[PDB]
């Protein structure tokens, strides 16, 4: 029933698993370090341990071994709702076990009680100019939340190393609860003239975020519940997850690690694909009309690709099949907005471009990912401010990042210290 007690029971076995990996297989070779990897951003280098999720090359991303369709099947939904609740996903990442309906409701009320945000967090955000990037205002608010960090004081008070995960657990669960309040406050300030909406402790996680953003529609709540769940985690190799794990390895509290993760997530090469697709889709509907045939779209897709241009959300795939996170958002749109013209162009692109990409032979995997479909769903219901979309990404990704940060302290993972070299050193070795 209680998440901290469930984690306490499950920790010792994985600790024993870790010791056996050192004792039995510590010298087992996983690959070779080459000059290509040191200069090419660790490309092809197995470098870190991330337990909460791993990418299956056949079934897509797996949250603790459960694929996206498996998650939709067994994760509890809200009463009067049909999409998997983000609380149940959070339970899965931390414990590895699918939660009951009662455990999700207990976790939902737990999150609602931890969502208190002190006034100096709002003061910190409001002190920034209106021109500040929403990711900057978001990250600055997280830095203000760091003042109430319980792991910082516990470490200063000399808590035992085997107890590090307990205040990390408290800070993470507090962070996960409070980050939507900060994220929605940034949204209301930039677009709703500071007309902030207080948190409702009766609602679940995704619905309370949608409510604080200014969207009380039940279908938007369903959209936000599904959005937070599917963007929650994706290995530890990405910049945001790696950053928080890297800052956390120095025994910084989760607020500092996640705030640093946001600065990495704010990178154009990391957290803007959602915005690139939506802006591109809107310009295509203006250039080619609303009801463009698939064959005229095929000629458009072919000319764009041969002109040296790419189709946003396409070509970036490392899966033999389409990203299951793309498919589930298509299922959502097919049920709740089939007449939306922007989705209709997304749907036609789903049919037309993958064959074109295969015929051109310039790209390995011609299938889209989740970023090719999330824009039209948010835009349809009124969340049109694409520049804010990375803030929504941050709220969801906090669930995966905080889950691994807890096991980093539960497993007692050491400080991350890759060795550095210079071009003089590499040339001297060759």
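Numbering follows the first chain given and starts at 1.
Higher average CA B factor: 291 to 299, of the stretches 291 to 299 and 243 to 251. Comparing 20 to 28 with 407 to 415, the higher mean C-alpha B-factor in the PDB entry belongs to 20 to 28.
Per the PDB entry, 45 shows the highest C-alpha temperature factor of the residues 45, 402, 68, 378.
The PDB entry assigns the greatest CA B-factor among 86, 236, 264, 158 to 158. In the PDB entry, residue 105 places in the highest third of its chain by CA B-factor. Among all modelled residues in its chain, residue 276 ranks in the lowest third by Cα B-factor.
Per the deposited record, the Cα B-factor of residue 95 falls in the middle third when ranked against the other modelled residues of its chain. Sort the chain's modelled residues by C-alpha temperature factor and residue 366 lands in the middle third, per the entry. Among the modelled residues of its chain, residue 78 has a C-alpha B-factor that falls in the highest third according to the deposited record.
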